[PDB]
Every structure is written in C-alpha cells, then in structure tokens.
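Below, in structure tokens: the form deposited in one PDB entry, a single chain.
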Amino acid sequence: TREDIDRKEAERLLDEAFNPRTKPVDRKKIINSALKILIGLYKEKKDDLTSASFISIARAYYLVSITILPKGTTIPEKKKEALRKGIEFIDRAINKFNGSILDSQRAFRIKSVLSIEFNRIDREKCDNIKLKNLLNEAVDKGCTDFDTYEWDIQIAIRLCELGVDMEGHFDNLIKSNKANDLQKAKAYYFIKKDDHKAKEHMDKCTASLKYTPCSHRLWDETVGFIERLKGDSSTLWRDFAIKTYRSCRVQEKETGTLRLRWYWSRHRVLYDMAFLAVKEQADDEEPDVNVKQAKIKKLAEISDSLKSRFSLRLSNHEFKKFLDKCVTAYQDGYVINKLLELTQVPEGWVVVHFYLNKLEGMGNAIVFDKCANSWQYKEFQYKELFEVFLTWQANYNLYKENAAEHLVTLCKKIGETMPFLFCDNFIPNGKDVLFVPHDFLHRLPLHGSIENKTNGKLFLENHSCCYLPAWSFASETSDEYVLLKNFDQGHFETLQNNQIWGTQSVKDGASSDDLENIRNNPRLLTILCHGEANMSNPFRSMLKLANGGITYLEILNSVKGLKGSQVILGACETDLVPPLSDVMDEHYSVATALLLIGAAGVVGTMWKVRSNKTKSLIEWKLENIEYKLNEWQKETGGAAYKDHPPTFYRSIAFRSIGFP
C-alpha cells in the first residue's frame, strides 16, 4: 500500500534538519542531499508529479535560503535564486491542487514566508501591495495557530508592520512560546500602541543580543525596527539605538578576523544611527554645561569605534598562513582551511576626530583642547570635495607631474569646505594639531589647506600637523642612525660619508635580509628605495629593495626590531591607496605596517618625490632630531603655490604619521 514514487524520505530528512539538535556545520550537506533526491524525483516525472513533492521542494528551497548569510555589503545571488525557484515551485503547486486542508495551509505558509524573505531582500520585484494581498489571503485561509509554528509568528508580525489591524489575535500571539522578545515588542507597539511593555521587551531583547554573533537575522530585524521607529518620528529610538550599539561593540570584541571583515562590516548603519542618537541630544535646549562635554566625548568615542579594526588585529609559518588567508579574503576569494583614553594627550596638543555621516550625507569634526579641557564639534559637506579629490587622483594617475594645478584646486576646495581649521575659537593659533580622518580624508593632504582670502596662507605656516589612522595606535631606546640605500642612479655621494652611523648601515645594495636581522631598536632608520605603490591589492605595495623583498606582509612578519623607532623613507609610501577605500574603514600602506610593528614615528610621501627633496630632508633632520617637518616645509618654498605650482607640489608630499 506504498506508492512507488514517495517523498517521505525527504520530508523526514527536512524535519530532522529543522529542529536545533543538529550541528550548524553539518546542516548544509544533508539538506543538499534531500534537495538532490527531490530534484531527481522531479526529473523522473516531469509534469505528472504530485503537489506534496512540490511543497517539500519549496520547503527545502526556503530552508536552503535561510541557511545562507548576507556576507559583506552585497547579498550573494544563490539566496535570491533559491527564493525565486521556491516561489515558482509553490506557484506551480498552488495552480493545480488535489484538494486538502493541511496541504493548502502549508502551501500558503511556505509561499508567504518565501514572499516575505524576497521582499525583505529586495522590494522592487515584490512590492508591498502584492505582499499585502498575498499575506491577507494567507491569513484568510486560516493559518493562525500561533502555538505550533513560528512562521505564523512571522506572518502576524509582518501583517502588523504592513498596516492592517489584528486586535483579535494579540492574546494568543502573546501567549505563544515560539515568539522572541523583538516580535513581542513589535506586537506591543503595533497593536496595543503602548510604549512601556514594548520598551521592556525589546530592552530584554537587546540585553540578550550581547552573545548573538554578527550573522543572525536578529541584527537585521533590530536595524529595520529602529529605522522604522526613526521614520515615524518616535521619541523611543535614541536610547535603544545606543544600547544596540553597545551590544554591537561587545559582540565586536568577541569575533574573528575574517568574520570581522565579512559579517561585521554591515553594521555601519548601526554605528551611524547611534551617532545620530547622541547627536540629537546636546541641542538648543540647555542642560548643565558638563553634560554637553560628556555627550560630545561620547560622540567622539563612538566615531572612534568604527575606525581601522582589521589592522588592530595585526610559530612563524602560522602567521604567514593567516596573512595569506587574509589577503585572499580581501579579494572576495575562498579561504579554504590597556587602552589610552581620549583625554590622555600631551599638553599643547589638539586632536581632531573626523567622521563622515553617511546616513545624512554630512561630515562631523570633533575637537578636544587639552589646555582648556573643552569639547567642540562642527559640521560640513563633502560631495564637491570628493569630486575634486577624484579629479586630482585621475589626473595624477595619468600624468603624475602636470596635475599640480589640480592639487592647488583640491587644496583650495579643502580650505573652502572646512573654514573652521582657521578659526581662533576652534583650533587655537600656535598649536599642534592631530588628525584622525575617515573613509576618504586619509588621502587628502590636510596640511596643505589654503584659506579663502585675497592671498591665502597654508595650514603648515602656523600649525604643525600629525597623522594617525586611529586613536588605538597611540601608546603610553638606542642611538644608532642606521641607513639603508638602494639608489642606483647615484647623486647621494655627499651623504654616505657621514660618520653618525656604524656597523649597521648598508650603504649600497640594501636588501630585505639586511632589514630582517635588525635587533638594536635604532633611534633613526632611513630607507631610500623606490616606492612603486600598488593600487589594486594594496597588500603588496612593493617596497622595492635590492632583491624585491619586503613589500607589505614581510613587514608585518619578518621584521621585529624597530620598536620605538623613528623611520624616514624616501619613496611613494603612505598613499596611492585606492580612492574607493573598502567595505570598512581601513588604511593599507606600508607606513601603517611600520606603525603596526612598533615604530614610533614614520615620515612618508603622499606621491612621487624627487631625490633633491629627500636629500634635503634627510640632511636637515640629523642636525637636530627635535625639529618638526613644518619648519622645513615652510623654508623649502611650500608657500609658492601661486607662482610655481610644481615646487608646492613637490614640497607638500611629505607627511608625518607618528604621534609622540
């Protein structure tokens, strides 16, 4: 009494895979086997197959879609394709029916959940009206048993979200056990329309979010709920966005590196909404003065947490294998197997934190003054600045020497769009400034800004500037002035004759092994190789030594003898990183790599520089190490932008990256 073509084996397999008694790692292969069995059965009987097999196929497709996570910022195509195939199979099953009650209820349940997932992923193909009609028809069919399946819970919550009234099913929805706290909060907000029970429930939901990894649907549901609460002009989203940002930070502290690159990078919207939440307080209404500064300090703290976290995570061959895995993961490939406070700054120093508000299309600049112990902030726009930066980059990548006019235009645009860099109240005159830019301002030279006046003045002529990718790079011996040179052209015969060094300087033909074996922690290291920065795959950057040695990963692996050192290098080093940064805020230059291994200060060049400028800098540096770069740049002729653009172009390319 058994049919020759039965699908009970696949139904049992899917039922066993449904319950949370199976390993997450082993869930995919078994459901793939069940799908293979079902597809073979479908191929055996083309169009005479029964409806129940189609229902099981659609269920398997829905599950295979839910077992796929949205890595990065772009969702993989396999999830969308699986949903499309599942909805097509469910439509085919619905069109012709044998006639049943449970079969129809299950078919409409699967169709409804597939449509909900499809609309959540994209709204263009499945608009809100068709989803509303389909879901209303499904709820008419009678799928309201809330104590058995969570798909009905999802149907009810989405029905509440869409607009219709469900005042009748509220008590049985609340009495159900399968629903979680976020769904309870949505039900309390969209039916009872009260703000206390929903607050408590989603507060417990947020408190339970500290252990969920950054791959569950719960993060996306929380983001969407808070976004809709913001959209309805509610007065209930600021604090909850703050606490979900706290939970996101806590989970961020307990995640892997590849997962930090793939799955954690889609929480920029969460880090932005919480930034807006804090920015909404400290406003026209006047509380005590100290809470203003506390709120601004919190704003700087949250803007700091979105900075370069991948680089902060940095027996010999294990590290090399990990670095190869990281670099092969950067190109969307397969990877087959004691913190300083924001206040602790030296006296006479001002720190500027940059954050590009992507949600509102605005820029924020937070400033802390040590002498006054004051916190200030200002806003600006960055669209035309981005356009001029891209124009300069495009011209330089093609001509590399006649784009000085574009550099002057970019400096003038920076001065125009940021008028607070010259204000007395914002940044005091005769002070030292520190820059922590964000997401495209690393490439712009902020020490070349010209104010919009009759005869503008550079930013260097009054302030000395320093650079730092993030505040996490700030911390808190010998006297050998080691030198490494590989300049084949010559023109440095007047430098090697100095006796300030000894027993470690490779005057000619310096190679990678000459730098790998350094162990004295020198006070000053000088490298005079060729730059040849790499745009695509910035993990090489090809620091051209003799044998073509240390590019960018040998720095992170093969050198461990430059802790507390100051390194000045003449080559295209600190920039020519891709204009389009990344899916997350990161800086990838070998200057940053040198800063990562333990070096104190690094002087790098923003683009190609001449031999004369490097020779002048290295000769003027060793006279007394306490001089900064601003005086040398001012005396070199960097104030000649109007008459000779090329000399200004050559002079500005140097940059300091070390915070003392």
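Under this definition, the rigid core comprises the largest set of C-alpha atoms superposing within 1.5 Å between the forms. So that there is no doubt, residue numbering starts at 1 and follows the sequence shown.
One more form of this protein should be noted, the form deposited in another entry, which is absent from this view; the next part is about it.
With the core held fixed, the Cα of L356 is displaced between this form and the one not shown by less than 2 Å. With the core held fixed, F459 shows a CA shift of 2 Å or greater between this form and the one not shown. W501 is among the residues whose C-alpha shifts by 2 Å or more between this form and the one not shown once the rigid core is aligned.
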